[PDB]
């Protein structure tokens, strides 16, 4: 059977997009903390999202807005990139549209300790229309909170990866997020007193239930 062993093998693969997202956020916060000007940062972020792979589909930097600015075009200054060929989108920066500093993935990281990461709920990005989960983290400059960095995980890509990996290991799996939402369910069911192997990535992190596939 080796159910526990195969469930660990699967968990290790499910961890790869997690570690991937953290690593890309570390690069983003390096760019945000740096002295590079806006144009240099745009170039480095375009390059970064060009080289990242896996389930990562979009993300960028969200500087603390200057909402007091008289000129509406100066208040928001996000640097957001979408892997369609990488496109920069400016859509979050028109003040008429509300800005970005009240989004849940921004507020979760706002003024939190550097080095902490935060999960968004599943959502469809209003401008790219990609269904996704976002990991965010704050970055600081001169000891003062400066902005939020984000990486977006494509839900479609994550599902494909988890399900394909589970199938290869002859497993069924349910993966739930920190909000109780079923991110992936592949060939998972219980009957005839089948054992379920449970693995938690953390108290408010992903949870998996694993069964043997027949």
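Residue numbers count along the first chain shown, from 1.
(message) I'd like the number of residues from the deposited sequence that lie between residue 124 and residue 125 yet are not in the model, binned as none, 1 to 3, 4 to 9, or 10 or more.
(response) Gap between residue 124 and residue 125: none.
(message) Mean Cα B factor from the PDB record: higher for 132 to 140, or higher for 69 to 77?
(response) On average, C-alpha B-factors are higher across 69 to 77.
(message) Tell me which stretch, 1 to 9 or 205 to 213, has the higher mean Cα B-factor listed in the entry.
(response) In the deposited entry, the stretch with the higher C-alpha B-factor mean is 1 to 9.
(message) Between 182, 152, 167, 64, which one tops the list for Cα B-factor in this entry?
(response) The C-alpha B-factor peaks, among 182, 152, 167, 64, at 64.
(request) Using the temperature factors in the entry, find which of 186, 38, 189, 176 has the highest value at its Cα atom. (result) It is 38.
(message) Please place residue 161 in the lowest, middle or highest third of its chain according to the CA B-factor in the PDB entry.
(response) According to the entry, residue 161 has a C-alpha B-factor in the chain's lowest third.
(request) Would you please rank residue 34 by its C-alpha temperature factor against the other modelled residues of its chain and give the third it falls in: lowest, middle or highest? (result) Tercile = highest for this residue's CA B-factor.
(message) When the deposited Cα B-factors of this chain's modelled residues are ordered and cut into thirds, is residue 60 in the lowest, the middle or the highest one?
(response) Its C-alpha B-factor, which the entry lists for residue 60, ranks in the middle third among residues of this chain.
(message) Please say which third, lowest, middle or highest, residue 171 falls into when its CA temperature factor is compared across its chain.
(response) Its C-alpha B-factor belongs to the lowest third of this chain's values.
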